[PDB]
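Listed next as structure tokens is one chain, alone, in the form deposited in one PDB entry.
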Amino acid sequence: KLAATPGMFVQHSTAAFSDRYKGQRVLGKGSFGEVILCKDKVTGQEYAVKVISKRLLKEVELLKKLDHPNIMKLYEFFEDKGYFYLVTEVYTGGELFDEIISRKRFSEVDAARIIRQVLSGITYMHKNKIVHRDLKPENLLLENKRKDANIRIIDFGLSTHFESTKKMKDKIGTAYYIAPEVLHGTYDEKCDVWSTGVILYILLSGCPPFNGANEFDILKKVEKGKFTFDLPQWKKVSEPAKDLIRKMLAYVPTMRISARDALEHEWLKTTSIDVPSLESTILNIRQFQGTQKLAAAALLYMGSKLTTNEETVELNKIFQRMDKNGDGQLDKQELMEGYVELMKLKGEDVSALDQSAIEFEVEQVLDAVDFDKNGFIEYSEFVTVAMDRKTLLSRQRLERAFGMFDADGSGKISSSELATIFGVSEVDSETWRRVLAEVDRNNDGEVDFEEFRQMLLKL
């Protein structure tokens, strides 16, 4: 049972970066290279290409495992004699750092919204055995220029896998944001919490909680752990916000709140959607019927790699709200409550609902939509499925998807090409059988652009 995931679509290319992209401007420079706004040479579509001077399979590999509304999207990557190129989604709102140095101080509303999303991203990461290790405003972007824009985590270049059994030793991070245990040399994922706790402090007050004349002075202050709410700007701030801050900056790792639990903090919760949009999205999800693997990959590809941010803004909000526990995966129960929530919005009566019928209704949706069979509906699976099928199955998107599947340009999708798309040596004759039997028209052993077109076009 080959698992369709967005990540499987990012392949190590065997074209030259410059054969497919063109630089526009610099968005930012990093310690070992720069991130460069590029346009795809054929479609003028804009990406942010992170360039890494060899003079890192891992930043790519971690990113293929992540699919989350507040985590940066990786599209593909290239390798050079001298360089790696990581083709990424561009987020046009720039750094949270800039917005911090600009707006100076944040609304409790705006801070909670920002922090909720960061915490959601890392709760998800932590679930997948990944620790970020370098959270700071510089590594958080706003998606676009809108007022209350969505937040994206980036710079997975210091991130790594962790095991609950062993602990990490390497000293990684940034003075203001680094957790004391990282300095000492034995740490776990809770360092990301500490960092987020620092970030939250800054957003609400404008100042770091641990400062000094220079790096060294800061690390001493950090390593002491002592911080204060003694500044005038804190008289304005509610105790619950401070309470969360205290729990996130608890000196001792074991006493410190996890991301997962931080999401449930009173403050984050206490602090919108057109019923039509919700209705359509839930309708579009209910009407998705599972299908053979060629179509599945195609749709997930179209959903996960070929939709723009502008196209998914409604869908992005809906997901985060349907994700009651924030963890970046929709489960049976959350999905159940979405329907119910919609039912309330339509005046239906709760008691007048067959909870077990809905439960069954949702068991089947999950079966249909859970492309990778991990028992959860993740963001890209959601998007693929919830987007209006005429919009999604635009003539462009269709053409572009087939193009990507048909690797050898032959104008026909072969089982070998399908295996390649999945990231597997070949496809079960059984699963390829199950495909043609539903798609092959001429009857020639392969799927061409007309055969493909009709397969999905039956919406």
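Shifts are known only where both forms have a C-alpha. Throughout, rigid core stands for the largest set of C-alpha atoms superposing within 1.5 Å between the two forms. Note that residue numbering begins at 1 and tracks the sequence as displayed.
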With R55 and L56 adjacent in the shown sequence, let me know how many deposited residues between them lack coordinates: none, 1 to 3, 4 to 9, or 10 or more. 10 or more
Between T271 and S272, determine how many residues of the deposited chain lack coordinates; answer none if the chain runs continuously, otherwise 1 to 3, 4 to 9, or 10 or more. 4 to 9
Of 345 to 353 and 360 to 368, which one has the bigger average CA B-factor? 345 to 353
Mean Cα B-factor comparison, 133 to 141 or 166 to 174, giving the higher one as deposited: 166 to 174
Highest CA temperature factor in the entry: which of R152, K236, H126, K73? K236
Residue, from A48, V51, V42, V424, that the PDB entry assigns the highest Cα B-factor: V424
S18 CA temperature factor, ranked by third within the chain: middle
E99: CA B-factor among chain residues, third -> middle
Please place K65 in the lowest, middle or highest third of its chain by C-alpha B factor as given in the entry. highest
Quick one: classify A407 as lowest, middle or highest third of the chain based on its Cα B-factor. highest
On the chain's distribution of Cα B-factors, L418 falls within the third called middle
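Only in words, not in the display: the form deposited in another entry, which the text now covers.
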Which residue moves between this form and the one not shown, judged by a Cα shift of 2 Å or more on the rigid core: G82, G185, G206, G212? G82
State yes or no: after fitting on the rigid core, is the Cα displacement of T391 between this form and the one not shown at least 2 Å? no
By the 2 angstroms cut-off, has the C-alpha of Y21 moved between this form and the one not shown once the rigid core is superposed? yes
Align both forms on the core first, then report whether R441 has a C-alpha shift of 2 Å or more between this form and the one not shown. no
Comparing against this form, do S31 and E215 have their CA atoms pulled together or pushed apart in that other deposited form? The difference is 3 Å or more. farther
Sense of the change in Cα distance from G173 to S31 in that other deposited form - at least 3 Å versus the shown form: farther
With the core superposed, could you pull out the runs of three or more residues whose CA atoms all shift by at least 2 Å between this form and the one not shown? 12 to 45, 49 to 55, 78 to 85
